[PDB]
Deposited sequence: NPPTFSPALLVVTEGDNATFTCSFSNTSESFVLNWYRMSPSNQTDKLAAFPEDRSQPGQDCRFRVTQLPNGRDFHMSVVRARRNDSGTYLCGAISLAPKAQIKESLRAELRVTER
């Protein structure tokens, strides 16, 4: 069963931080124009942080000081390299940065 990635719509005023919770290497992805994958961070650009909670299975994926260009689509995925190449991806969530 894949990880969850919530909230599905994250409404944040620009300048505030935004944190998704990924509950499941663990990658945080942003879907670009041309709908291709960009890796923002991994567990284990300074504005995209991943914090493993004491829970161990939950992770906070945070945008520090969200800008309007940060608006887009995001997800998390867990990769197992072997035996058998496997990825379990979350459903896609949207970051909606609004004007202050």
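Engineer: Compare the deposited sequence with the modelled residues and state the ranges that are missing C-alpha positions.
Structural biologist: Absent from the structure are positions 25-31, 52-59.
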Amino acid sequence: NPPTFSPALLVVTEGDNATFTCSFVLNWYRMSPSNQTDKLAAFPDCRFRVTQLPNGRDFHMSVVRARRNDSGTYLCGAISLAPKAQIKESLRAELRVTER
From here on, numbers count along this sequence of modelled residues.
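Engineer: In a third or more of the other entries compared, is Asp45 missing its coordinates?
Structural biologist: Looking at the other entries that model residues on either side of it, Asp45 is missing from at least a third.
Engineer: Comparing 64-72 with 48-56, which has the greater mean CA B-factor as deposited?
Structural biologist: Result: 64-72.
Engineer: If you average the CA temperature factors as listed in the entry, which stretch comes out higher, 82-90 or 7-15?
Structural biologist: Stretch with the greater average CA B-factor: 7-15.
Engineer: If you rank the chain by CA B-factor, which third does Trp28 end up in: lowest, middle or highest?
Structural biologist: Ranked within chain, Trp28 CA B lands in the lowest tercile.
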